[PDB]
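K.L.:
Read in this note's numbering, the sequence shown has 106 at position 106, and its numbers run on one by one without any break. All C-beta atoms, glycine included, are put in the ideal place defined by N, C-alpha and C. Okay, here's the structure, questions in a sec.
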Amino acid sequence: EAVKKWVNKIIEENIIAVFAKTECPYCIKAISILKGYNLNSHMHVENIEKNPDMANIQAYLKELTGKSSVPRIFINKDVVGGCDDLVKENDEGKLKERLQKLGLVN
């Protein structure tokens, strides 16, 4: 209960929510791509490895998204997925479209 509530508050209180771990190249890449859209002011990165409940968080992220791995990326509560999902959306114009609808990019 407590774990789900805590994860939910991160997702629901930050337009761009990224769950990450320590020393994770694909986390770093995803975060860098998002910051490249000047999204910093609406981003929250949570390092779930530095947490006593990592496994519970990962399991919940899998319930929400289909995967337990990090990074796990949400944009206004919608599931983007991982870094590879973000790259696909970015390259195909879907990421910019999401962000335009949110007023985050012109």
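Are the region 18-38 and the region 64-81 touching by the rule of at least three beta carbon pairs closer than 8 Å?
P.N.:
Touching, yes, given that three or more Cβ pairs across the two stretches are closer than 8 Å.
K.L.:
Between which residues of its own chain and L39 is the CB-CB distance below 7 Å, once the five residues before and five after are set aside?
P.N.:
Result list for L39: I16, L104, in chain order.
K.L.:
To the nearest angstrom, how far is it from the Cα of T22 to the Cα of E63?
P.N.:
One C-alpha to the other measures close to 22 Å.
K.L.:
With a threshold of 8 Å, are at least 3 pairs of Cβ atoms found where one atom belongs to the region 23-30 and the other to the region 74-88?
P.N.:
Yes, the region 23-30 touches the region 74-88.
K.L.:
Does the distance from the C-beta atom of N90 to that of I33 stay below 9 Å?
P.N.:
In contact: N90 and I33 (Cβ atoms closer than 9 Å).
K.L.:
If you draw a straight line from the alpha carbon of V79 to that of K4, how long is it in whole angstroms?
P.N.:
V79 and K4: Cα-Cα distance of roughly 16 Å.
K.L.:
Taking the beta strand (DSSP E) that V79 belongs to, which residues open and close that run?
P.N.:
Taken as a continuous stretch (DSSP letters only), the beta strand (DSSP E) holding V79 covers 78-81.
K.L.:
Excluding sequence positions up to five away, which residues of its chain have a Cβ less than 7 Å from the Cβ of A30?
P.N.:
Counting only Cβ-Cβ distances below 7 Å, and skipping sequence neighbours, we find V18, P71, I73, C83, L86.
K.L.:
Name, in chain order, the residues that DSSP records as bridge partners for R72.
P.N.:
The partner list for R72 (beta bridge, DSSP) reads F19.
K.L.:
For a quick check, are the C-beta atoms of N8 and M43 less than 9 Å apart?
P.N.:
For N8 and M43, no; Cβs fall outside 9 Å.
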